[PDB]
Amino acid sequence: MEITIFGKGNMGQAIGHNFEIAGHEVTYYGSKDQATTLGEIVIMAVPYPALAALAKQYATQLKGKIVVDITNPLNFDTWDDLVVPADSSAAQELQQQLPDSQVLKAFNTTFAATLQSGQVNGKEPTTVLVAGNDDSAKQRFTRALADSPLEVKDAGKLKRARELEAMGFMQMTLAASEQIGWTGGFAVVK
C-alpha cells in the first residue's frame, strides 16, 4: 500500500525504513515540500508544535485516512511537563481536529535508532505500542508492518495515548540523564 510520511528527519526515515522493508511504497515530504495526494496510512513525523498546522493544511486529504501521531509533546524549555492536558494527549487533540480520520498513537515509545536497527541496543526486538479507537485501523497498521522486523502490540483505545506519552517522556528523561542511552530504552518482553 501507499504510506505517506511528513517529516524527513530521524523518525520519518526510521519509520519509513520499516515500511519499505515490509514492501510498501513510502513517500516523504519535508517542511519545504507539498503533497498532491496522501496514502492510506499517513505518519505525522514532525515536532509537536508543527502538528496542528500540518493537520489543517491537509484537512481534506486526511479524511478517511489512518493518521499516526508519533509525538512526545514535552515542554522543551523545562523538560518537567508535557504541553497537553494532564488527562489527555496530543493524539486525542489530533483526533478532535480530524474527526473523519482514524488517529493512532504509535512509535512515540521507540527511539529512532531502535527503529532503524529493529533492536533495542542489539538485545531485544523493537516493539511498537499502538493506541487508537478503531480496531480495523490498528489491524491495518499492524498488518502493514508484518514483514518488518518490528513487533507491534495493541496498547488499547486512544485514551491510552496519555500513558504512551507518559512512557515516552520517562524514556527520554532517563536517556537524557545518561542512565540509559539513546539506542536502548524500554524493550517489551513477553
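For every residue, the number given is its place in the sequence shown, counted from 1.
The PDB entry records a higher mean C-alpha B factor for 73-81 than for its counterpart among 92-100 and 73-81. For the two regions 116-124 and 102-110, the entry's Cα B-factors average higher over 116-124.
Highest C-alpha temperature factor among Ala50, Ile41, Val130, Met44 per the entry: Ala50. Across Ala35, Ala161, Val68, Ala59, the greatest Cα temperature factor reported in the deposited entry is at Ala35. In the PDB entry, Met172 places in the middle third of its chain by CA B-factor. Ranked within its chain, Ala22 lands in the highest third, by CA B factor from the PDB record. Placement of the Cα temperature factor of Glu165 within the chain: lowest third of the modelled residues, per the deposited record.
Among all modelled residues in its chain, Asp135 ranks in the highest third by Cα B-factor. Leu54 sits in the middle third of its chain by CA B factor, as recorded in the PDB entry.
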